[PDB]
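> fold the following, please.
(3 chains)
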Amino acid sequence: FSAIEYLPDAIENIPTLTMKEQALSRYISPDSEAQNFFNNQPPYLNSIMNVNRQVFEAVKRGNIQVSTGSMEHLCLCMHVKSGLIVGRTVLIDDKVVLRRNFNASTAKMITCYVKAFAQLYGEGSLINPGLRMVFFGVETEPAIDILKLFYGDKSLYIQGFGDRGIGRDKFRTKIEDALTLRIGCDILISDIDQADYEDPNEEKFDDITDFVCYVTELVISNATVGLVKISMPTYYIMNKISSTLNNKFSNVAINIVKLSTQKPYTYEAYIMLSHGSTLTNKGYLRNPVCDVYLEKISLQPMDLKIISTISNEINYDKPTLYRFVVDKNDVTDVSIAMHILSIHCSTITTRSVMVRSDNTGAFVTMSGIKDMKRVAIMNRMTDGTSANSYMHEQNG
Amino acid sequence: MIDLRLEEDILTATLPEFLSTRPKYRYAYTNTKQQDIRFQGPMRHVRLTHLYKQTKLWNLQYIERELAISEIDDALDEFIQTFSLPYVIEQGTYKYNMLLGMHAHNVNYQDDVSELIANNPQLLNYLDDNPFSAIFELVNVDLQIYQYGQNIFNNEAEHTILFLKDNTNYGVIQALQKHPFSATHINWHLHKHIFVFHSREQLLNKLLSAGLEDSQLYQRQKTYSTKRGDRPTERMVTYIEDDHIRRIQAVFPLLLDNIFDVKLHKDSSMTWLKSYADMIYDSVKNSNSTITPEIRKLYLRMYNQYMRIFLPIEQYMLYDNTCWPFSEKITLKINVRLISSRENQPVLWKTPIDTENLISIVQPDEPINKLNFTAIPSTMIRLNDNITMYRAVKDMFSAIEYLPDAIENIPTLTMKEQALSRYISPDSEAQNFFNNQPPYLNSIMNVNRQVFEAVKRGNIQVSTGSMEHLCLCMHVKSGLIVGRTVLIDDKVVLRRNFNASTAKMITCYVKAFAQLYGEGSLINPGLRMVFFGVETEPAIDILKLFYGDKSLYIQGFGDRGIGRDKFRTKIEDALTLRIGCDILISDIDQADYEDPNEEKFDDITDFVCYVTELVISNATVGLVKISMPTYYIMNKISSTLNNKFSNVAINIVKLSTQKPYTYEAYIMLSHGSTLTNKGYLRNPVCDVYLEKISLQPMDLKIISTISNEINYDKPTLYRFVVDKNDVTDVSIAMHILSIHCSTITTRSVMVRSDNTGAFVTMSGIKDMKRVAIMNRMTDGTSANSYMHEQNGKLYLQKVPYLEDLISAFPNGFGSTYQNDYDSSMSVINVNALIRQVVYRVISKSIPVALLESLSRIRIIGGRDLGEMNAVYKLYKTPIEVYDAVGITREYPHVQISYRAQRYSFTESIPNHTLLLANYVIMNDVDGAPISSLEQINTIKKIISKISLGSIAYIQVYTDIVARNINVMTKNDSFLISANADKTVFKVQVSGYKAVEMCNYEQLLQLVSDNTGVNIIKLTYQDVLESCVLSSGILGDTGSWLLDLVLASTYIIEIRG
Amino acid sequence: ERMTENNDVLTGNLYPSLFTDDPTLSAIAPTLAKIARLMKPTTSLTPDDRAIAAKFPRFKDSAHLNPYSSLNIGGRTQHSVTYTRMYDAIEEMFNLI
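Numbers count the residues shown, from 1 in each chain, chains lettered A, B, ... in the order given. The protein structure is shown below:
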């Protein structure tokens, strides 16, 4: 649930053609394949499944106590259905049917909720005795049920908008949503990718910018605090936003925020809006987040090798991990194997078995990962008077 | 599906793995009555041959019932010590290849190579690579082995793989020539295996499954998220010169973009593939196509080659050299992006208003179109009429209270004859309909069920005196246990007969109690009370069960013991109250409507005055039911206050439990002091009953015959089903439905194992707004490009194109999950209802001869432009909108311009225009409030901007009735606050912050000296007409505030 | 319905029931699959190389069904499995009767 938040850094906010053409050139530019690889080579959603399993099986038989409102009382309230009993301490007995479909958006939405709530007022607990909130996610079936199961003393009003009922629904113009908010609600959240990458022309760029500015207008005219998902996120858009602050409402201010739940390598960010006062800055010029997306990188998404053919060659960096098995019958190959492996791997891991009721069928294992450091330190291995006592490399 | 050979490659020195603890399996059980047992791990080659009979494994797959779990375990243990394989361990490391071994056991050593095994099982062992070279050099026959699928208890070989004698390519082509049904991958394993099928049409399904898999693989390759494996592509090759199979395999490598919900939403997917493979010859052979045109050459190649594999530009970078020397960097994909539905939950559409092109209604030779259509049954997706009337239990107890408003109280013949004339007048049928068209009693049953089943198994806590401890104390008998927290274990017998009076009586009790003294709890440690209900069997038992520490004295009077007992003279009750009790309540309808003569009127008035005398002579506080309720009666009451007792006072009260549309009210009496008023002249409640209304109780229609006609307001809801076999009627059906319904809901099913029996559903409710917005649809130079309506009616020609329809047929129509309780009668909040009543009568106060008054409609207060229902002049009148945040645009085909800006209220007003504004001048321009003086100042600003033939409207809260509330119940949609306890009243609309209501006097003086500006007030004949002409009734957390709001706001019109 | 005695079954798309794999057959009605199973041959489909290698007339890659088994698996003479397939049949049938 941790987070981080950044503030403005300049006193002006005016969209300049320089930044606009910068952003446009970046938009029509294709991404770097390595970057695609890093935030798709899995898993991370499987990682939160691990801690969920942990807390669940722990409270069931494990000595874990939830004080009915702790972050944990949310955590096991995830992936668990109708199995909670509150005797001022959460116990699970039966009805242990467990949810499916935690498709990586539930976590972002729930973390956004906890962040916006903690920021709203004091952190006395994660239960208000009566509230209101809405959701703009493209598909929010679970979040509604998650929260409605998390309170118990409902006294609330929660409903999500813009759910056409499609599984992997792409974002397409998403507009029929705003004449629907005639509620005057409390904390608002929105999880819309808004990253159409298909024939990136300036027309689609302009209209998507108009769209995101529309969403911001809507959230700020409505309830006090509430995040929004930004996916471009060049400061040009943020410049336009801080501009539209002027002439419309007030001294209300903006903030940039990253979440611990967020996948590591993404360009994504969240923009938090509050109705409070401003620290006389009102403009964004220099900020770390925006300085990330504005790069035209091109790389190779190189990946591991599980090769099992050692060579007495200094091949510098594939990289790879070595893995194989040898026998115990004679010991003159295992020694040399382990050494010529040691010239490549700082750590070795061996496991032995015995199936053949005697020395036959030995099956000793070796496994390690090739580190650059040992290669560098054994590149020299001189101990010589400028002679090939440890050298006479062939061509190249 | 196929080639699940995953190079498991167990090691020979660990084949004693056999004694594994019941090798992991996979159980399943469904209504097919199968007993399927999949085998996990390296054991998918074992086939229970005609041996193993009488083992437990056999005799369990006759157990008809559900299979117990432990049986599987111990039977597997009993089986594993019978099964065995051949192996020999020797010096060094060797892998076992686990395939010929399992096979020569799978078939018990009857094929020639098994002789090479059983006689000498070292040949099974092998070093690093080529577990077959020695074998093939030694035998020289092609080697055939089968694959017996999952669900062990099957033995038929659905297909057979076959290994070649010469791992080179030439041999692959050779052996593929014969063997009349064959296929092979592109992975290097090609060199070692070919496939052989059984039939002609067994190929098709395997090819389609492999194609879906290749789609998934291409996708996961696009983002370089390739798993720890190989096999660049999944598709197959074959030499079957079958028109159908070649059509499929040719059209396939051009649709490698979409995702096909593989086996998770399995469906007409393959049928759709075959159909679209067929629906190209009508395009690639004939002219007049989307061939554009080169796809011809490419598709003809793909269809005519059979040897090359066509790889999109990505995959080719991976398929290197060691396979089919027949390939090509294909490109130029066909552009069809189809959506995929989610889980069984249905799909909703949001038919648009912005576009660039149009689509045709019925063929360009004819007027009106009529889609005489089928309908859906009721055993399908049902119809719920239950109107959700309550959130959490608090909403079952709120109330509202009004105070006197005048200093005199004298019955005048004017008011008396008023009341009498009203009494002999018959009611309005629509009004009868609104408070009898059910349900509401069923709504409290819902929350009762909720709390009951929740505390039973639900995590709900009652602190023995909460409102909830009352709520589950309803409809529950002798089932409560108090361990300082209410628990239910047994004796769960539950009451019947909550005939809508129990709730009123119990809410009256809780209100009178809370008002009596402090709200520390709902339990006094000893009390007294009586009841005057016509039938109170349950209330007594309810309360006697609610206390537990009784120390009370409760008894009801006037219970003759009749079920639906009418009120008739009810008099033998008063010489019975010689008790001197505490809080008193009375629920007597007192509404005889049969031959309404003045004699009965007089005697019923005497009766109610008698009841009031009795209650006030007795206990301090206590309500009474008033059902007339003209202030004439209340005048007489306040008069009889004089000369009898004291400064004791009266109050009017409405309850949240009370049914919404009734004229009913409650009168609360207390012995306390008076705020020097003592008289009732002007009050919202009494201003309701004194109306002689006459209306038509129009109701819904469930018609299923769409027509291309603008029939304005029935209203109705459309509902029907069409099929998937051909798609030219479903498209037009959904469009001609979109001209009538803002929202569409579709659900699809599949019963006919293929595309037959399609049964796609459509259901929506006709909204006035879309009719109004599509009345114009001009986009023309005063010509019938979208017109030429026949005599009297209006019919349409071209419809705003719907964006994503054609590309949703394989999937994207929902699947009818558990209930799908799609409703007919809709609920609407009180706020939206009032907005409808203004978009009403606003539309009716437009003066005659001002209808040809062009041109400029200027509208502020937009934000979904919902005011369009207030204008029927969308014939030759353009509209411009100035409002808050929202992307500004221009709509060329409907003459609607959207402009986002504050508009400053101060601009020019051209001649011959019109200016509408609702709640616009209420709100902070920057965040600071607006005094009533500032508000009338802005009104003065607007006054000067008259434009010689241009009127304008505005809405304003009037505070006339706010000054005598004095009791609220902390609503969540309509609040009210006093400043310095009496200066000016701030009201909080449903969600937003408070606003300064404009004081009355300033508006009075303004309308006094305006000289051409009038104030319009609202009445039932405006709210009933809008509720009967537009669907939906009432009841979203309001439904008792109605009166107040109907009396709060006024509208000011400015002509000159 | 008294099923007709003779019928044009084997030639063309109309298969006879009671002889599908479909373990549901076993589940729904025992004492019927417990018979049909006792009848399926389950031996092999050994092809015939020596036939074609003399250029006799055969459909390329034909086969046959030797109804029986061997008795000389690598020169050891197991006990003629057909005897078992017969013995268990008799045993089961008399148990049923």
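
> who are the contact partners of the residue of chain C found nearest chain B?
When scored by Cβ to the nearest Cβ, chain C has residue C:74 as its residue closest to chain B, at 3.6 Å. C-beta here means a position set from N, CA and C on the backbone, and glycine is covered the same way. With contact set as Cβ atoms under 8 Å, 6 or more residues apart in numbering or on different chains, residue C:74 has these partners: B:115, B:118-119.

> residue A:184 too?
Applying Cβ under 8 Å, 6+ apart, the residues near residue A:184 are A:222-223, B:989-992.

> which members of the residues you listed are the farthest-apart pair?
Put simply, by Cβ to Cβ the two of those set farthest apart are A:223 and B:989, 13.6 Å from each other.

> quick one, strands of the stretch 151-300 of chain A?
Remark: strands assigned in the stretch 151-300 of chain A by DSSP state E, counting those that start in this stretch are A:158-160, A:188-189, A:229-230, A:253-259, A:269-274.

> just give me the closest of the contacts of residue C:74 to residue C:90.
The nearest member of those to residue C:90, counting by Cβ to Cβ, is residue B:118 at 28.8 Å.

> report the separation between that closest one and residue A:50.
Going from residue B:118 to residue A:50 by Cβ to Cβ, to the nearest Å gives 48 Å.

> redo the contacts of residue C:74 as a markdown table? Include distance to residue C:97.
Formatted as a markdown table, those follow (distance: Cβ to Cβ, whole Å):
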| residue | distance to residue C:97 |
| --- | --- |
| B:115 | 40 |
| B:118 | 38 |
| B:119 | 43 |
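
> so what's residue A:356 closest to, chain neighbours aside?
Leaving aside its chain neighbours, residue A:356 sits nearest to residue B:89 (4.8 Å; criterion: Cβ to Cβ, 6 or more residues apart in numbering or on different chains).

> go ahead and confirm residue A:51 touches residue A:76.
No: the pair residue A:51 and residue A:76 fails to qualify as a contact (Cβ atoms under 8 Å) at a distance of 10.0 Å.

> find the centremost residue of chain C, please.
Centroid-nearest residue in chain C, with Cα atoms, centre = their mean: residue C:41, separated by 1.7 Å.

> hmm, back to that, hey, which of the strands of the stretch 151-300 of chain A is tucked in deepest?
strand A:188-189 (a mean of 26; mean count of other Cβ atoms under 10 Å in any protein chain shown).

> returning to what we had before: for residue A:187, see how far away the residue of chain C closest to chain B is.
Taken as Cβ to Cβ, the span from residue C:74 to residue A:187 is 79 Å.

> cool, and residue A:239?
Using Cβ to Cβ, residue A:239 is found at 26 Å from residue A:187.

> residue A:97 now?
Residue A:97 sits 30 Å away from residue A:187, taking Cβ to Cβ as the criterion.

> the more surrounded of the two?
More crowded of residue A:97 and residue A:187, by other Cβ atoms under 10 Å in any protein chain shown: residue A:187, with 21 against 9.

> work out for me the element whatever residue of chain C ends up closest to chain A sits within.
Per Cβ to the nearest Cβ, the residue of chain C with the smallest distance to chain A is residue C:74, at 24.8 Å. Using DSSP states H and E, residue C:74 sits in no helix or strand.

> which one is it nearest to, not counting chain neighbours?
Leaving aside its sequence neighbours, residue C:74 sits nearest to residue B:119 (Cβ to Cβ, 6+ apart; 3.6 Å).

> quick one, phi/psi of the one you found?
phi -80, psi -20 (degrees, to the nearest 10).

> do the same with the one 4 residues further on
The phi/psi pair for residue B:123 (degrees, to the nearest 10) reads phi -60, psi -20.

> starting at the chain centroid, how far to stretch A:349-357?
Counting by Cα atoms, centre = their mean, to the nearest Å, stretch A:349-357 is centred 41 Å from the centre of its parent chain.

> what comes up buried for that stretch?
Within stretch A:349-357, the residues scored as buried using 16 or more other Cβ atoms under 10 Å in any protein chain shown are A:355-356.

> what's the first-to-last distance across it?
24 Å (Cα to Cα, to the nearest Å).

> which parts of chain C sit against chain B?
Within chain C, the positions near chain B by Cβ under 8 Å from any Cβ of the partner chain are C:21, C:23-24, C:26-28, C:30, C:33-34, C:40, C:42-44, C:46-47, C:49, C:60-61, C:69-70, C:73-75, C:81, C:85, C:88.

> PyMOL command for the buried members of those?
To isolate the buried members of the residues of chain C next to chain B in PyMOL, using 16+ other Cβ under 10 Å:
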select buried, chain C and resi 21+23+24+26+27+33+43+47+61+69+73+81+85
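
> from the residues of chain C next to chain B, which ones fall inside helices?
Within these, membership in helices is found for C:24, C:26-28, C:33-34, C:49, C:85, C:88, as judged by DSSP state H.

> tell me the two of these that are most distant?
Using Cβ to Cβ, those span at most 43.1 Å, a distance reached by C:28 and C:49.

> residue A:267 and chain C: what is the separation?
Computed with Cβ to the nearest Cβ, to the nearest Å, the distance linking residue A:267 and chain C is 53 Å.

> pretty sure that residue contacts residue A:234?
No: assessed by Cβ under 8 Å, residue A:267 is found out of contact with residue A:234, at 9.8 Å.

> looking at those two, which is more packed in?
For the pair residue A:267 and residue A:234, the greater number of neighbours falls to residue A:234 (23 against 19), based on other Cβ under 10 Å.

> separation between the more buried one and residue B:537?
73 Å.

> then residue C:71?
92 Å.

> residue C:85 now?
79 Å.

> before we move on, what about residue C:30?
When distance is defined by Cβ to Cβ, residue C:30 is 59 Å away from residue B:537.

> contacting residues for the residue most central in space within chain A?
Closest to where the C-alpha atoms of chain A average out (Cα atoms, centre = their mean) is residue A:263, at 1.0 Å. Listed by Cβ under 8 Å, 6+ apart, the contact set of residue A:263 reads A:39, A:44, A:104.
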